[PDB]
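Asker: here is my input; please provide its structure:
(2 chains, ligands or ions: 6)
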Amino acid sequence: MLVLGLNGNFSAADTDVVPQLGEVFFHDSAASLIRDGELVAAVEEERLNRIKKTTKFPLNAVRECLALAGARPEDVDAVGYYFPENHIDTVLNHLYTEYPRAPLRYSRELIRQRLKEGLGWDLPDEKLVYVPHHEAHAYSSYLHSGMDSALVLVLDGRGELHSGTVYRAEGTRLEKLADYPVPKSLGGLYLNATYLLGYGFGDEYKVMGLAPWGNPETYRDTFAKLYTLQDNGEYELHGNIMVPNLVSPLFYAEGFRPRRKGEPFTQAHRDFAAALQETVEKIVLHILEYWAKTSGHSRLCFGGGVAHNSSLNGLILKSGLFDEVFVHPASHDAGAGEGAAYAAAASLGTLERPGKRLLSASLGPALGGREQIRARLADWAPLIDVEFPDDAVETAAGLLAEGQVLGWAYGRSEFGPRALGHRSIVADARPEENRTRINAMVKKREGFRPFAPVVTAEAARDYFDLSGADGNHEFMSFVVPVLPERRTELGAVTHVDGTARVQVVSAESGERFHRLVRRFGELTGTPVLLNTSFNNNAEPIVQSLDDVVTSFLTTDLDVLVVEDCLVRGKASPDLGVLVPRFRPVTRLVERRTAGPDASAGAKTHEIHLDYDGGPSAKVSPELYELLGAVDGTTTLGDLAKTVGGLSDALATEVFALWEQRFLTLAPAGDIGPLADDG
Amino acid sequence: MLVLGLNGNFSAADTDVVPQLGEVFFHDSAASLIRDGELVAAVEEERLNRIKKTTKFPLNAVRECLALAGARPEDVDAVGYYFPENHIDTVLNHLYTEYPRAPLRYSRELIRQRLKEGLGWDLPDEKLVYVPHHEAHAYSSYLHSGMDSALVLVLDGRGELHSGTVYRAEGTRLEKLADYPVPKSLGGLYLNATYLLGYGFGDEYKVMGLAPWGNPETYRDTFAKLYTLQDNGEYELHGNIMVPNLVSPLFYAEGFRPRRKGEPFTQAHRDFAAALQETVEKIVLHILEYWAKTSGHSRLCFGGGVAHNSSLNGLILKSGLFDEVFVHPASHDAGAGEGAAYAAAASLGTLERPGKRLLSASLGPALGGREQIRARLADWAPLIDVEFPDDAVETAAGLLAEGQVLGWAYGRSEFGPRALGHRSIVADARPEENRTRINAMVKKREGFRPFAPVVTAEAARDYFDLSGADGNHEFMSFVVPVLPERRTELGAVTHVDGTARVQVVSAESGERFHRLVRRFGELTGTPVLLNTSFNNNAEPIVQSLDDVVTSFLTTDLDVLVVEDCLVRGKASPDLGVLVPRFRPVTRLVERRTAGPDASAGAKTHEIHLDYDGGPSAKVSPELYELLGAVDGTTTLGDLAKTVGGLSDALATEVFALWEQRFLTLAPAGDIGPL
Ligand SMILES: COc1cc2cc(c1Cl)NC(=O)C[C@H](O)/C(C)=C/[C@H](C)[C@@H](O)CC(=O)[C@H](OC)/C=C/C=C(\C)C2
Ligand SMILES: COc1cc2cc(c1Cl)NC(=O)C[C@H](O)/C(C)=C/[C@H](C)[C@@H](O)CC(=O)[C@H](OC)/C=C/C=C(\C)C2
Ligand SMILES: Nc1ncnc2c1ncn2[C@@H]1O[C@H](COP(=O)(O)O)[C@@H](O)[C@H]1O
Ligand SMILES: Nc1ncnc2c1ncn2[C@@H]1O[C@H](COP(=O)(O)O)[C@@H](O)[C@H]1O
Ligand SMILES: [Fe+3]
Ligand SMILES: [Fe+3]
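Answerer: Residues are numbered from 1 along each chain as shown, chains lettered A, B, ... in the order given. Ligands and ions are numbered 1, 2, ... in the order given. Take a look at the structure below.
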């Protein structure tokens, strides 16, 4: 019994189903494989096509999952899609009425055309099962908790008909207790408010990160006008007929005006974020007080995108309403795609469930066999120096105690938004200066947000208040208070309110990463490390080896530890050996605008990525001529000869383009088909 | 007392307040000037920037309006805006949250910046009055009716808070009687349905022209699921939570598939249109039947964008609910902008009103004087031959009787979407083949589209069934039955259901157009002409003399009659003498996508217009280099030298760009001030 789980839209690599398809129309594409009850493989498509939260069809993800399970496509017994057919097809129909040139292809035809053309897989109609969206979430959240029964709460932006659902789960039976209609969406409320802060979809975690810097009483009475707590765990959100945003009209009427790009955060912005977060907490705790009493249950599984609010999840932990609480590492739509697999298996015969509780998100493709990895690092030789220590973990620990900031890349990639010891950036958690050091120089982001600690299972309670209920801390789902005595020790990983989004690593969740943090603590007396995702501002978490090396060379990390190899950037690296390739979404443009006196105006040359919200950059006329000659095999140095050679100016310009990921730059060939190891 | 009426958004000529601002965010930009209660000038900005239903700020319209009034900006006592200040600023604020680079500039600052940079006009805060949207509609509709009391009904998509308002008007007082909220919008429903036929905003009257070919029975019971008539003039529309469109989810579920662009109009499409049209008629007539007997008024003024549904109007006329109906020639948001002036004059002092019913929509800029028009037609000499007959109207009537299709350009242009003998294309209304060919060869549009007749006042009741209430027909507001014994005689202008959207012209509404129609009837026996708007499918109604000539040369019209000059195309027109100039929205692009094996794809070259829903076109490498050298003064012939001469392939390719209006092609210089 081998079941594929799908979520996301149906766009190909190089175009969208309709032009410039909105980034919110079925985002976080991913594929998932279950074999007789167990999650064998799962990767988000963003990791492979390199587009954060991509809406594109997850064809690569499916190919990666089949190969990790050793299956032909024809081996698959059923496919499950995370939304009911009529719902996705009605949304597609609406996109088609606004773009009258798009052919009328709905999801069943589009799903099958992608699999037939991209994999040779001739999918029979009887194997495609569409699933209720919150049902998908709930299966994913509950079947991996290792619980025998629980109250299941699902809260996201919206499914087909609801923005919230409550389930009782027992064995493998889901039974629905309640729902909340779409207009009441807390996902929607959060995202609306995020727009007022100059941010957009996928920046909610930044808003949550900013809220401790703010005072929730400044705008408490303002938000009070937008919601009402009612009896029996009901609430209303108060809409308006002005604009499709719950929050902006009222706040505009009181003089709040939204933040501009590159504007610093004011005290009003900080307070807004605090009051926003206190509202969502206040409402979600109101739902849960009622359903914990009405159902009498002591265990909670919380799912949906709202369940990536670490701050909310810690408040639930310390509320005293439950004894255990579980949150899946991928509680957003990528997990609904996994849960769609289980629901398809229950729809089609019997449903087999996971053995025990999920401890490791390490479910993606791996970096490769050590023969490949050594061979590939040799292709990168003109840019890197590479050692092979006897104990990489042992070496890496000392480096961290010395003060180095490390890239840590091992095994299969983490499913979901958190890096957990497989695609991480690692450094000592004690120096409070490491925040501005890493959160600016090396990775290039915003410094108001503290970093996440990783602690050992053994010393965990000697640093953090993991009390209240028993939550799962293997995936950083809960923000917990840092013990006030240890707060000054942990300067890099403690917020202004004293809390921290803690990963607790054990020998069962991650042996190599546990040895690393333990060793470091034996050498320092502090078995806590800082743990952030291995990616710069312009990419999702890195996936392939080439991904990892690219990201290391284009950031300011000291050392890279990748599958026991130590990697440092050479004296002066030879960019000219890198072979430039276009990404499927790369576009290279010469533009004329209108000019004064109705003339042909300013000639500019630009590179950009063709997808909604994609970046763009001006280029010089020489880069334009060089880039246009890119054939996907010739190296940068050889292409540079048609414009006079790779000068330092050109190579600096190309390097800045590489940083922003407008095109692939990597040595000739590739690592080859990923190894089989056991 | 000189008051400016404003409506539209606040974008400059070459950019929008946010990038790719949607075509429905405050469309139909226009400016109106009232003086002593008389409407002395009014023009839609679309006529001047050549962007159909544009949202961009009506800067050029204000300037043209002051010129027509002989006024300076300092002469203006007040400016009205057709929406309340909090509403437009809240919507601006929404767009800004979605585009964090846009500076926070709200409407008052943007109106003042536009008037100051564009006209040297420091408008004071105390002179800018914002107006409730349906109040602005009602004033415009009612004050031009000639009536001293009426029921005034305003239906559009939405004002600030309502989709419909009902008023009582007595003297110059408006008294609100009722309103319908925004989610009951009938204009919203019509637009929603329109999107299912492969059309978009601005195409609603094509759907209404398609309706008569359909059977409203097929989908009556489906549309019945989307509304409920309730007691005492109330109704409900039934929404959904799936998509922001009220019609498509239910129709998808029943197997209806949205038409694609370029695909034929199937019978299911025609039936859908007919049902939609019947639905709106049943609702509006339900509203009107109630409010006619409740308010006691025998006279109705109908305004708001929905009042441009000629078929609905013809039904209101035949319903017997009223003795008199008036519809304004611009009942859509440009009329609201005019009404905003009346409402601002009433906020600051007393309201002076028109003394007569509006008979003529001829309210925009003219073509120019006698000698500046002769001189500018001479600049077109390499492309046109020109005759000056003793009696142009007499000559044009004979040409029409010999089967010629004429362009007709006289005087000040029509305010509102209809052409009424000032920017018209006309032909014999009798042969049914004229409908087939003017649809296929001239206007280049769908075969099912009807053509509107113009008839003299004296003969109207010989051809059309005007019976029922007395409505105003100077502006083609009412669809009326063509009398049964005349349908064969009027083959081109009788729609499939025996109706015509008729213009009754008189010596008082349009003396010269009336003379043309009267003389044609003396020559032929039929004082009726086909009268369609003078524009190809790429442009709004032609405004200026250059516009007229350009449109004439790029559509297949036989003869152009413009201000008593007979204009024909030369056998071999010399395009090389024309000076290419970019429009402010014109954009040239050389583009590479990805290609096989992650290579740079092959180059392509595009010209496009930079606005939401703007067209684009592929161009050759040679033409792409030629347009790169455009400087606004060099001729196309000299420009072509740098790619080896204006070959026939280039002239042909440029001609097709010109026909789609991607750039301006016209002789060196211009006509000058008028
Ligand atoms: C212009 O056309 C629109 C616009 C909106 C709504 C709909 C439509 Cl058709 N109607 C839907 O049904 C949306 C659909 O279900 C969907 C994209 C679901 C994904 C998988 C969730 O993630 C939705 C969200 O939660 C999203 O924020 C990310 C909120 C979006 C609101 C909107 C995008 C407003
Ligand atoms: C994504 O952002 C949206 C979207 C919609 C609504 C609003 C907003 Cl902010 N909110 C408003 O308030 C609309 C505003 O007042 C406005 C543009 C009024 C114009 C000038 C009138 O003409 C309205 C119509 O009649 C129009 O269809 C042509 C409505 C289309 C529906 C919509 C455009 C749906
Ligand atoms: N930290 C967060 N707090 C509140 N809402 C969030 C957070 N992260 C994501 N969401 C919302 O979750 C929804 C997407 O979840 P899903 O559809 O389950 O992927 C969107 O409405 C987001 O705004
Ligand atoms: N012939 C028509 N029938 C029905 N509604 C129309 C028609 N023409 C325009 N509208 C609607 O009127 C609204 C715009 O009017 P306004 O806002 O007054 O310019 C939109 O909702 C249009 O779809
Ligand atoms: Fe979800
Ligand atoms: Fe309106």
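Asker: okay, residue A:354 and ligand 2: tell me how far apart.
Answerer: 43 Å (C-beta to the nearest ligand atom, to the nearest Å). Backbone N, C-alpha and C define where each C-beta goes, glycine included.
Asker: now that residue, what's its secondary structure?
Answerer: When classified by DSSP: H, G, I helix; E, B strand; the rest coil, residue A:354 comes out as coil.
Asker: residue contacts, it?
Answerer: Residues in contact with residue A:354 (C-beta atoms under 8 Å, 6 or more residues apart in numbering or on different chains) are A:37-39, A:143-144, A:146.
Asker: over to the residue of the stretch 501-650 of chain A found nearest ligand 4: give its phi and psi.
Answerer: Closest residue of the stretch 501-650 of chain A to ligand 4, C-beta to the nearest ligand atom: residue A:612 (26.6 Å). Backbone geometry at residue A:612, expressed as degrees, to the nearest 10, gives phi -60, psi 120.
Asker: what about the contacts of residue A:354, which are in helices?
Answerer: Members of the contacts of residue A:354 lying in helices (criterion: DSSP state H): residue A:143.
Asker: hang on, residue A:551 in a helix?
Answerer: Yes - remark: residue A:551 belongs to a helix, assigned using three-state DSSP.
Asker: look at the closest residue to it other than its chain neighbours and tell me its secondary structure.
Answerer: Of all residues not flanking residue A:551 in the chain, residue A:542 sits nearest, at 4.8 Å (C-beta to C-beta, 6 or more residues apart in numbering or on different chains). State at residue A:542, reduced to three classes by three-state DSSP: coil.
Asker: and residue A:542, how far from residue A:422?
Answerer: Residue A:542 is 10 Å from residue A:422, where distance means C-beta to C-beta, to the nearest Å.
Asker: what do the two both touch?
Answerer: Contact criterion C-beta under 8 Å, 6+ apart; residues shared by residue A:542 and residue A:422: residue A:409.
Asker: number of nearby residues for the residue in chain A that ligand 1 sits nearest to?
Answerer: Residue nearest to ligand 1 within chain A: residue A:157 (1.8 Å; C-beta to the nearest ligand atom). With neighbours defined by other C-beta atoms under 10 Å in any protein chain shown, the count for residue A:157 comes to 21.
Asker: just to confirm, which helix or strand has the closest residue to it other than its chain neighbours in it?
Answerer: Leaving aside its chain neighbours, residue A:157 sits nearest to residue A:187 (3.4 Å; criterion: C-beta to C-beta, 6+ apart). For residue A:187, the host element (DSSP states H and E) is helix A:186-196.
Asker: can you name the next helix or strand after that helix?
Answerer: helix A:204-210.
Asker: OK, contacts around the closest residue to ligand 2 within the stretch 501-650 of chain A?
Answerer: The stretch 501-650 of chain A approaches ligand 2 most closely through residue A:612 (14.6 Å), counting by C-beta to the nearest ligand atom. Counting by C-beta under 8 Å, 6+ apart, residue A:612 touches A:16, A:20-23.
Asker: same thing but at 6 Å, please
Answerer: A:20, A:22-23 (C-beta atoms under 6 Å, 6 or more residues apart in numbering or on different chains).
Asker: enumerate every residue touching the residue of the stretch 551-678 of chain A found nearest ligand 3.
Answerer: Proximity of the stretch 551-678 of chain A to ligand 3 (C-beta to the nearest ligand atom) peaks at residue A:613, 14.9 Å away. By C-beta under 6 Å, 6+ apart, the contact list for residue A:613 reads residue A:23.
Asker: repeat that for residue A:162.
Answerer: Contacts of residue A:162 (C-beta under 6 Å, 6+ apart): A:134, A:179.
Asker: in space, what's closest to the residue of the stretch 101-250 of chain A found nearest ligand 4 - neighbours in sequence excluded?
Answerer: Here the residue of the stretch 101-250 of chain A nearest ligand 4 is residue A:241; by C-beta to the nearest ligand atom that distance is 15.1 Å. Counting by C-beta to C-beta, 6+ apart, residue B:182 is the residue found nearest to residue A:241 once chain neighbours are left out, at 5.0 Å.
Asker: how about the residues of the stretch 1-150 of chain A by ligand 3?
Answerer: residue A:28 (C-beta under 6 Å from any ligand atom).
Asker: can you give me the helices in the stretch 1-150 of chain A?
Answerer: Using DSSP state H, counting those that start in this stretch, the helices of the stretch 1-150 of chain A run over A:45-49, A:59-69, A:85-98, A:107-119, A:133-143.
Asker: let me know which of those helices is tucked in deepest.
Answerer: helix A:133-143 (a mean of 30; mean count of other C-beta atoms under 10 Å in any protein chain shown).
Asker: center of chain A, which residue is that?
Answerer: residue A:417 (3.2 Å; C-alpha atoms, centre = their mean).
Asker: doesn't that residue belong to a strand?
Answerer: No - going by three-state DSSP, the assignment for residue A:417 is coil, not a strand.
Asker: so residue A:400 touches residue A:522, yeah?
Answerer: No - counting by C-beta atoms under 6 Å, residue A:400 stays clear of residue A:522, with 12.0 Å between them.
Asker: between the two, tell me which one has more neighbours.
Answerer: Per other C-beta under 10 Å, whichever of residue A:400 and residue A:522 has more neighbours is residue A:400, with 27 against 11.
Asker: give me phi/psi at the more buried one?
Answerer: phi -60, psi -40.
Asker: which residue does chain A have closest to ligand 5?
Answerer: residue A:156 (3.6 Å; C-beta to the ion).
Asker: who touches that residue in this structure?
Answerer: Going by C-beta under 6 Å, 6+ apart, residue A:156 touches A:187, A:304-305.
Asker: cutoff 7 Å now
Answerer: A:163, A:187, A:304-306 (C-beta atoms under 7 Å, 6 or more residues apart in numbering or on different chains).
Asker: of the residues you listed - the most surrounded one?
Answerer: residue A:304 (29 neighbours).
Asker: residue A:508 in helix, strand or coil?
Answerer: Classification of residue A:508 using three-state DSSP returns coil.
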